[PDB]
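> Have a look at the structure that comes next, please.
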Amino acid sequence: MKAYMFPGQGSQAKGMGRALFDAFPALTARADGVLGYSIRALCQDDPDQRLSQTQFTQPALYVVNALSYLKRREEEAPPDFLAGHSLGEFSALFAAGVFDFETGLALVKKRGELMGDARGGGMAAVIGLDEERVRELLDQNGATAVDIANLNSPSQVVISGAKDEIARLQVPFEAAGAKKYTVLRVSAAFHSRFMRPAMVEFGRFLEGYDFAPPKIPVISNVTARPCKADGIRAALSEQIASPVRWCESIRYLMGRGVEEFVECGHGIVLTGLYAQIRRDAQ
């Protein structure tokens with residue numbers, strides 16, 4: 001079986017989606033209408049240097065992921081399962097028919113605005129340590145304001161919380177054997193308790209939207225299991241202040257018999273994670 005994997009924040013780059021805008025000119029124009037600016041120009045030229053600011057990154061990723069999906073739908077056999085990383089979950093739900101293209105765009109426009117307005121905290125990506133070793137290090141070094149934001153592969157974990165704690169933890173994490181400890185160039189501590197105010201506001205916004213049953217199964221970042229229609233709205237606000245359970249989601253798909261994992265969107269970030277998950281699981 002086959003799964004499509006939709007990338008999120010950090011995977012964007014100038015030049016993303018270039019051939020897709022001319023292949024889907026109506027949807028491109030309709031995105032411009034929702035957003036109030038040219039999505040082609042943002043992705044191709046990045047003239048205001050804002051492709052790395054999440055209020056803009058999120059719509060960019062959603063559009064490129066959506067058009068990438070529509071191209072695969074025209075050209076290849078359908079996927080058996082869908083999963084997306086954080087922002088990518090909205091791409092997955094669009095692919096599953098939970099909402100249409102413009103509705104998803106409106107959701108991610110708001111998501112990006114709320115997350116972009118958040119103040120407080122930072123994040124670090126860690127390579128070479130497993131979840132339990134990361135938790136042990138947080139406890140042993142008294143970092144009480146740091147959460148696990150992403151569980152990406154058995155050796156790749158992203159932590160999120162108080163800026164000072166994120167800074168001072170580099171030394172003990174490297175001493176423990178972290179191959180790399182990278183403070184992310186991000187505006188706030190995403191997927192942590194620092195997002196609780198944004199979660200509440202996003203939940204209130206989501207009250208005004210309905211979510212149709214998925215036509216292709218979508219694996220939730222919150223549960224690492226298939227979404228159910230009645231729980232989608234609530235999980236979408238929960239997700240922003242909860243860990244992204246990506247490694248477990250891919251392992252669940254492997255256990256269902258998925259052997260082909262295809263990234264749908266720009267770049268190879270999720271492809272790299274898949275390679276690390278596969279090696280460990282086999």
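Within each chain, counting starts at residue 1; across the structure tokens, chains are named A, B, ... in the order shown, with ligands numbered 1 upward in that order.
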Just list as an MDAnalysis selection string whatever in region 163-269 of chain A DSSP marks as strand (DSSP E or B).
chainID A and resid 180:183 218:219 226 244:245 260:263
> I need the chosen residues saved as a JSON list (two decimals), in the first residue's frame, with N, CA and C atoms.

```json
[["chain", "number", "residue", "atom", "x", "y", "z"],
["A", 180, "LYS", "N", 23.80, 16.68, 16.87],
["A", 180, "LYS", "CA", 23.50, 18.04, 16.49],
["A", 180, "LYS", "C", 22.41, 18.57, 17.42],
["A", 181, "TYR", "N", 22.55, 19.83, 17.84],
["A", 181, "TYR", "CA", 21.56, 20.57, 18.65],
["A", 181, "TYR", "C", 21.42, 21.95, 18.03],
["A", 182, "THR", "N", 20.30, 22.19, 17.36],
["A", 182, "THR", "CA", 20.12, 23.40, 16.55],
["A", 182, "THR", "C", 18.99, 24.25, 17.10],
["A", 183, "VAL", "N", 19.31, 25.45, 17.59],
["A", 183, "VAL", "CA", 18.27, 26.41, 17.97],
["A", 183, "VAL", "C", 17.60, 26.92, 16.69],
["A", 218, "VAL", "N", -6.77, 9.50, 7.26],
["A", 218, "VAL", "CA", -5.79, 10.51, 7.65],
["A", 218, "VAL", "C", -5.29, 10.18, 9.05],
["A", 219, "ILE", "N", -3.97, 10.07, 9.23],
["A", 219, "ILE", "CA", -3.39, 9.74, 10.52],
["A", 219, "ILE", "C", -3.13, 11.03, 11.30],
["A", 226, "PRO", "N", -5.82, 6.79, 12.88],
["A", 226, "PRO", "CA", -6.78, 7.43, 11.97],
["A", 226, "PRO", "C", -7.72, 8.41, 12.66],
["A", 244, "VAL", "N", 3.81, 16.55, 18.22],
["A", 244, "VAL", "CA", 3.57, 15.94, 16.90],
["A", 244, "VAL", "C", 4.16, 14.52, 16.92],
["A", 245, "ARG", "N", 3.29, 13.52, 16.93],
["A", 245, "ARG", "CA", 3.68, 12.12, 17.04],
["A", 245, "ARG", "C", 3.93, 11.50, 15.66],
["A", 260, "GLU", "N", 5.11, 1.92, 0.53],
["A", 260, "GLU", "CA", 5.51, 3.06, -0.30],
["A", 260, "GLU", "C", 5.11, 4.32, 0.42],
["A", 261, "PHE", "N", 6.09, 5.14, 0.78],
["A", 261, "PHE", "CA", 5.89, 6.41, 1.49],
["A", 261, "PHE", "C", 6.43, 7.53, 0.60],
["A", 262, "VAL", "N", 5.52, 8.36, 0.09],
["A", 262, "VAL", "CA", 5.82, 9.37, -0.93],
["A", 262, "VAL", "C", 5.54, 10.74, -0.33],
["A", 263, "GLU", "N", 6.54, 11.60, -0.36],
["A", 263, "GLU", "CA", 6.34, 12.98, 0.06],
["A", 263, "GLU", "C", 5.63, 13.78, -1.03]]
```
> Using only C-alpha atoms, which residues sit within 10 Å of residue 64 (chain A) once same-chain residues fewer than 3 positions away are excluded, as a VMD selection string?
chain A and resid 6 to 7 12 16 to 18 20 to 21 28 39 to 40 43 59 to 61 67 to 70 91 264 to 266
> So which residues touch residue 145 (chain A) within 10 Å, counting only C-alpha atoms, skipping near sequence neighbours fewer than 5 positions away, as a list in words?
residues 121, 138, 160, 161, 162, 163, 164, 165, 166, 192, 193 and 194 of chain A
> Restrict the selected residues to C-alpha atoms and save them as a compact mmCIF listing (two decimals), in the first residue's frame.

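Result saved to result13.txt:
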```
# COMPACT_ATOMS: atom_id res chain seq x y z
CA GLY A 121 9.82 30.82 23.78
CA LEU A 138 15.24 17.84 30.77
CA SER A 160 10.16 23.72 22.76
CA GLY A 161 9.82 26.14 25.63
CA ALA A 162 11.53 28.93 27.55
CA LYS A 163 14.28 30.59 25.49
CA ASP A 164 16.86 30.56 28.32
CA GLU A 165 16.30 26.84 28.96
CA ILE A 166 16.53 26.04 25.23
CA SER A 192 4.26 23.51 23.76
CA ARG A 193 2.32 24.96 26.64
CA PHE A 194 3.30 28.48 25.35
```
> In Å, how far is it from CA of residue 3 (chain A) to CA of residue 254 (chain A)?
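Interatomic distance, CA of residue 3 (chain A) to CA of residue 254 (chain A): 9.7 Å.
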> One decimal, in Å: what's the spacing between CA of residue 131 (chain A) and CA of residue 158 (chain A)?
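Computing it gives 9.7 Å between the two atoms.
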> Any idea what the distance is between CA of residue 195 (chain A) and CA of residue 240 (chain A)?
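Going from CA of residue 195 (chain A) over to CA of residue 240 (chain A) covers 6.7 Å.
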> Could you give me, as JSON lines, a per-residue list for region 92-136 of chain A showing, wherever an atom lies at most 10 Å from an atom of region 199-209 of chain A, the closest pair of atoms and their distance in Å to one decimal, using only C-alpha atoms and sorting by chain then residue number from low to high?

```
{"residue": "A:99", "atom": "CA", "partner": "A:209", "partner_atom": "CA", "distance": 9.2}
{"residue": "A:103", "atom": "CA", "partner": "A:209", "partner_atom": "CA", "distance": 8.7}
{"residue": "A:107", "atom": "CA", "partner": "A:206", "partner_atom": "CA", "distance": 7.9}
{"residue": "A:110", "atom": "CA", "partner": "A:202", "partner_atom": "CA", "distance": 7.7}
{"residue": "A:111", "atom": "CA", "partner": "A:202", "partner_atom": "CA", "distance": 6.9}
{"residue": "A:114", "atom": "CA", "partner": "A:202", "partner_atom": "CA", "distance": 7.5}
{"residue": "A:115", "atom": "CA", "partner": "A:199", "partner_atom": "CA", "distance": 9.1}
```
> Keeping N, CA and C atoms for every residue in the selection just given, could you write it to a file as a PDB file, in the first residue's frame?

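File selection.pdb, as written:
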```
ATOM      1  N   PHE A  99     -12.606  19.009   3.769  1.00  0.00           N
ATOM      2  CA  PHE A  99     -13.014  20.364   3.387  1.00  0.00           C
ATOM      3  C   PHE A  99     -12.415  20.655   2.031  1.00  0.00           C
ATOM      4  N   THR A 103     -11.598  26.436   1.786  1.00  0.00           N
ATOM      5  CA  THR A 103     -11.886  26.328   3.202  1.00  0.00           C
ATOM      6  C   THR A 103     -10.602  26.011   3.993  1.00  0.00           C
ATOM      7  N   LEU A 107      -8.557  28.224   6.904  1.00  0.00           N
ATOM      8  CA  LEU A 107      -8.126  27.697   8.195  1.00  0.00           C
ATOM      9  C   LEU A 107      -6.659  27.931   8.437  1.00  0.00           C
ATOM     10  N   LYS A 110      -5.660  31.617   9.161  1.00  0.00           N
ATOM     11  CA  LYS A 110      -5.885  31.943  10.568  1.00  0.00           C
ATOM     12  C   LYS A 110      -4.873  31.302  11.494  1.00  0.00           C
ATOM     13  N   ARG A 111      -4.593  30.023  11.254  1.00  0.00           N
ATOM     14  CA  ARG A 111      -3.608  29.291  12.046  1.00  0.00           C
ATOM     15  C   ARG A 111      -2.260  30.031  12.030  1.00  0.00           C
ATOM     16  N   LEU A 114      -2.413  33.411  14.002  1.00  0.00           N
ATOM     17  CA  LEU A 114      -2.396  33.178  15.464  1.00  0.00           C
ATOM     18  C   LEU A 114      -1.021  32.733  15.966  1.00  0.00           C
ATOM     19  N   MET A 115      -0.420  31.768  15.277  1.00  0.00           N
ATOM     20  CA  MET A 115       0.911  31.283  15.638  1.00  0.00           C
ATOM     21  C   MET A 115       1.959  32.381  15.417  1.00  0.00           C
TER      22      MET A 115
END
```
> Let me make sure I understand: among A:188, A:26, A:216, A:123, which one has the smallest atom-to-atom distance to residue 95 (chain A) if we use only C-alpha atoms?
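Answer, going by the shortest atom-to-atom distance: A:216.
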> Name the residues in contact with residue 224 (chain A) at a cut-off of 10 Å, using only C-alpha atoms, excluding same-chain residues fewer than 2 positions from it; report them as a PDB file with N, CA, C and O atoms, in the first residue's frame.

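For reference, selection-v8.pdb as written:
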```
ATOM      1  N   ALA A  83      -0.924  11.427   5.649  1.00  0.00           N
ATOM      2  CA  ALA A  83      -0.462  11.994   6.931  1.00  0.00           C
ATOM      3  C   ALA A  83       0.301  13.259   6.632  1.00  0.00           C
ATOM      4  O   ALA A  83       1.047  13.336   5.648  1.00  0.00           O
ATOM      5  N   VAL A 218      -6.770   9.502   7.262  1.00  0.00           N
ATOM      6  CA  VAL A 218      -5.785  10.511   7.651  1.00  0.00           C
ATOM      7  C   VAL A 218      -5.288  10.181   9.055  1.00  0.00           C
ATOM      8  O   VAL A 218      -6.083   9.960   9.965  1.00  0.00           O
ATOM      9  N   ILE A 219      -3.966  10.074   9.225  1.00  0.00           N
ATOM     10  CA  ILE A 219      -3.387   9.741  10.518  1.00  0.00           C
ATOM     11  C   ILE A 219      -3.132  11.035  11.303  1.00  0.00           C
ATOM     12  O   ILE A 219      -2.330  11.909  10.883  1.00  0.00           O
ATOM     13  N   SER A 220      -3.749  11.155  12.479  1.00  0.00           N
ATOM     14  CA  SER A 220      -3.623  12.350  13.333  1.00  0.00           C
ATOM     15  C   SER A 220      -2.282  12.501  14.017  1.00  0.00           C
ATOM     16  O   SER A 220      -1.766  11.550  14.551  1.00  0.00           O
ATOM     17  N   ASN A 221      -1.739  13.723  14.003  1.00  0.00           N
ATOM     18  CA  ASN A 221      -0.524  14.008  14.748  1.00  0.00           C
ATOM     19  C   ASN A 221      -0.701  13.834  16.273  1.00  0.00           C
ATOM     20  O   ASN A 221       0.277  13.593  16.984  1.00  0.00           O
ATOM     21  N   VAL A 222      -1.922  14.001  16.778  1.00  0.00           N
ATOM     22  CA  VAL A 222      -2.191  13.956  18.222  1.00  0.00           C
ATOM     23  C   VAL A 222      -2.194  12.530  18.725  1.00  0.00           C
ATOM     24  O   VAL A 222      -1.573  12.247  19.771  1.00  0.00           O
ATOM     25  N   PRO A 226      -5.815   6.792  12.877  1.00  0.00           N
ATOM     26  CA  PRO A 226      -6.782   7.431  11.975  1.00  0.00           C
ATOM     27  C   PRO A 226      -7.723   8.413  12.665  1.00  0.00           C
ATOM     28  O   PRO A 226      -8.215   8.126  13.755  1.00  0.00           O
ATOM     29  N   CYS A 227      -7.968   9.531  11.982  1.00  0.00           N
ATOM     30  CA  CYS A 227      -8.949  10.521  12.364  1.00  0.00           C
ATOM     31  C   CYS A 227     -10.357   9.928  12.260  1.00  0.00           C
ATOM     32  O   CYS A 227     -10.637   9.123  11.392  1.00  0.00           O
ATOM     33  N   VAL A 244       3.814  16.554  18.225  1.00  0.00           N
ATOM     34  CA  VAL A 244       3.573  15.936  16.901  1.00  0.00           C
ATOM     35  C   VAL A 244       4.155  14.518  16.924  1.00  0.00           C
ATOM     36  O   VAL A 244       5.380  14.349  16.944  1.00  0.00           O
ATOM     37  N   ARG A 245       3.290  13.520  16.929  1.00  0.00           N
ATOM     38  CA  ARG A 245       3.675  12.118  17.039  1.00  0.00           C
ATOM     39  C   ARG A 245       3.932  11.503  15.662  1.00  0.00           C
ATOM     40  O   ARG A 245       3.240  10.595  15.226  1.00  0.00           O
ATOM     41  N   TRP A 246       4.919  12.061  14.977  1.00  0.00           N
ATOM     42  CA  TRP A 246       5.182  11.687  13.591  1.00  0.00           C
ATOM     43  C   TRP A 246       5.782  10.290  13.448  1.00  0.00           C
ATOM     44  O   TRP A 246       5.323   9.433  12.676  1.00  0.00           O
ATOM     45  N   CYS A 247       6.802   9.979  14.237  1.00  0.00           N
ATOM     46  CA  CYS A 247       7.436   8.658  14.192  1.00  0.00           C
ATOM     47  C   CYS A 247       6.418   7.558  14.429  1.00  0.00           C
ATOM     48  O   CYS A 247       6.366   6.614  13.688  1.00  0.00           O
ATOM     49  N   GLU A 248       5.580   7.713  15.458  1.00  0.00           N
ATOM     50  CA  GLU A 248       4.549   6.708  15.718  1.00  0.00           C
ATOM     51  C   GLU A 248       3.524   6.589  14.592  1.00  0.00           C
ATOM     52  O   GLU A 248       2.985   5.512  14.350  1.00  0.00           O
ATOM     53  N   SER A 249       3.206   7.716  13.944  1.00  0.00           N
ATOM     54  CA  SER A 249       2.278   7.703  12.814  1.00  0.00           C
ATOM     55  C   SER A 249       2.834   6.868  11.651  1.00  0.00           C
ATOM     56  O   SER A 249       2.116   6.053  11.086  1.00  0.00           O
ATOM     57  N   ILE A 250       4.112   7.075  11.334  1.00  0.00           N
ATOM     58  CA  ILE A 250       4.724   6.283  10.276  1.00  0.00           C
ATOM     59  C   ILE A 250       4.856   4.800  10.679  1.00  0.00           C
ATOM     60  O   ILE A 250       4.538   3.910   9.896  1.00  0.00           O
ATOM     61  N   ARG A 251       5.227   4.517  11.923  1.00  0.00           N
ATOM     62  CA  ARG A 251       5.267   3.123  12.371  1.00  0.00           C
ATOM     63  C   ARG A 251       3.875   2.452  12.295  1.00  0.00           C
ATOM     64  O   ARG A 251       3.761   1.292  11.956  1.00  0.00           O
ATOM     65  N   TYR A 252       2.825   3.211  12.620  1.00  0.00           N
ATOM     66  CA  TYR A 252       1.451   2.662  12.538  1.00  0.00           C
ATOM     67  C   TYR A 252       1.143   2.269  11.096  1.00  0.00           C
ATOM     68  O   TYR A 252       0.620   1.182  10.829  1.00  0.00           O
ATOM     69  N   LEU A 253       1.504   3.150  10.160  1.00  0.00           N
ATOM     70  CA  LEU A 253       1.285   2.867   8.735  1.00  0.00           C
ATOM     71  C   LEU A 253       2.076   1.665   8.251  1.00  0.00           C
ATOM     72  O   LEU A 253       1.561   0.836   7.480  1.00  0.00           O
TER      73      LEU A 253
END
```
> Looking only at helix (DSSP H, G or I) from DSSP on the backbone, list the matching residues of region 86-231 of chain A as a ChimeraX atom specification.
/A:88-95,101-117,131-140,163-168,170-175,193-206,229-231
> Check the smallest atom-to-atom distance from each of A:282, A:113, A:238, A:76 to residue 223 (chain A) using only C-alpha atoms, then report the winner.
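Closest residue, counting only C-alpha atoms: A:238.
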